[PDB]
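Residue numbers (the entry's author numbering), protein chains in the order written: chain B, 0 to 80, 83 to 118; chain A, -1 to 80, 86 to 118; chain A', -1 to 80, 86 to 118; chain B', 0 to 80, 83 to 118. A prime marks a further copy of an entry chain. We put the CB at the ideal spot given by N, CA and C, even for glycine. Some notes on the structure that comes next.
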């Protein structure tokens, strides 16, 4: 198995697609591909690296924060998840905001590990 | 009839903390809360919501994960720990009040019988 | 007469960012902001406050230290870095708007001439 | 010189006393002593370890936060310090809340270093 915190690239993209409920996700060395629509066509999907793909997900999902000490180095992502006094979040880090965010998304669905591709 | 834990203050708050902490014969006179914190102990004052000496060690010992105060002024918010992170959260005019209310909520929930 | 940077939006916000970034002949038609981002370049659309492709890299490249959204809903607050820690802070309905307003404030201050 | 982040014990107490404007602060191996009042008597002062001494300082000074990941390990302290869009804080860590707080206080006054006692 692979630790979700270490996920990167096509594999990370694949787990996000799967979490998002996309069709026939694949993770070639060339990159992840999926169908994001009713009866759509297979198209590249790189939310962990393409801002166009990842950005909307960040805005849409209940992300509560991103932090980077001194504006450099690693990012930490916080994704929100019902009692009055309670709170639960999912928390992952990564070298870029998109990587941190997508790892958090994957962890919120599959937990700490995911089968290796 | 019942009391909201978030509104707890003074001796009553100290009492619920004693109880949550497993102290013996807690009580809550207007004079203040008293309990026995030891196997063979005498009843002694216990004011974790106002006495730093009593409340401080509890803050350090229990899994409190944070305290926050906007701009360093006004109300405190307390966060008590339980890739997932789940917490109990309560506020108060001081750090000790926020902390103890959070402790009491983590054990009894939102309300407690009135004293 | 002048415009508050915190209220900046759309093409105007994109324009101030282009300017702060040192782009050439920035302009702000209703159609949108355009500029030259290269030594020998052509005028091309530039919408960092709405286009992720344009705004995203700026967020990653500039010393942004945080983005926050209460409960993962509503307005974003952006924090841009400058034992001491000093920051520029601005809000907006989306992460890109918050980020760019913060960028523009860090360079021009609170107001800017109206376009 | 000594890094403020490494300050501990009587020495840390001494720098706090000094920052606070106490009289004849001292830092014996026995512990820090000072006069905190107009013409007062020299008395023990241990804000980095005694809650009775440190607690009130935390409440009085503009501390904005204390953080401890998962409720265990090291504490981080944030002390507030005037443009509309700007913000400055002092930030130090320590094994306990009082140590983190007092190091932050000392840093807010003397910076990163302080002469060794």
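Check	Outcome
Does residue 12 of chain A come out as helix, strand or coil in the three-state DSSP assignment?	helix
Is the beta carbon of residue 55 of chain B sitting closer than 8 Å to the one on residue 79 of chain B?	no
Which runs of the beta strand (DSSP E) fall wholly inside the stretch 22 to 69 of chain B and span at least 3 residues, in chain order?	22 to 27, 30 to 34 and 62 to 66
Could you say which of B:3, B:41, B:18 and B:92 lies nearest to residue 87 of chain A if we only look at CA atoms?	B:92
Is the distance from the Cβ of residue 71 of chain A' to the Cβ of residue 94 of chain A' below 8 Å?	no
Using the Cβ count rule (16 or more neighbours within 10 Å means buried), how would you classify residue 29 of chain A?	exposed
Would residue 97 of chain B' and residue 77 of chain B' qualify as a contact pair, given that the criterion is a beta-carbon distance under 8 Å?	no
Per the contact definition of three or more C-beta pairs closer than 8 Å, is the stretch 103 to 117 of chain A in contact with the stretch 2 to 15 of chain A?	yes
Taking the alpha carbon of residue 45 of chain B' as the point to measure from, which residue in B':37, B':38, B':57 and B':32 has its own alpha carbon closest?	B':32
Can you grab the Cα-Cα spacing for the pair residue 36 of chain B / residue 64 of chain B, in whole Å?	29 Å
Tell me whether residue 69 of chain B is buried or exposed, calling it buried when 16 or more other Cβ atoms sit within 10 Å of its Cβ.	exposed
What first and last residue would you give for the alpha helix (DSSP H) that runs through residue 99 of chain B?	98 to 111
Name the chain B' residues that come within less than 8 Å of residue 90 of chain A', Cβ to Cβ?	87, 88 and 89
Which residues does DSSP list as the beta-bridge partners of residue 114 of chain B'?	B':2
Counting only beta-carbon separations shorter than 8 Å, does residue 118 of chain B' have a partner in chain A?	no
For residue 90 of chain A, which of helix, strand or coil comes out of DSSP?	strand
What are the boundary residues of the beta strand (DSSP E) that residue 75 of chain B is part of?	74 to 79
Is the CB-CB distance between residue 118 of chain B and residue 18 of chain B below 8 Å?	no
In angstroms with no decimal places, state the Cα-to-Cα distance between residue 27 of chain B and residue 16 of chain B.	14 Å
Could you tell me the alpha carbon to alpha carbon distance between residue 42 of chain B and residue 102 of chain A', rounded to whole angstroms?	30 Å
In chain A, what lies closer than 8 Å to residue 113 of chain B by C-beta?	86
Got a sec: is the Cβ-Cβ distance from residue 62 of chain A' to anything in chain B below 8 Å?	yes
Applying a beta-carbon distance threshold of less than 9 Å, which residues of chain A neighbour residue 66 of chain B'?	63, 64, 65, 66 and 77
Output, in chain order, the set of chain A residues within a Cβ distance shorter than 9 Å of residue 108 of chain B.	86 and 87
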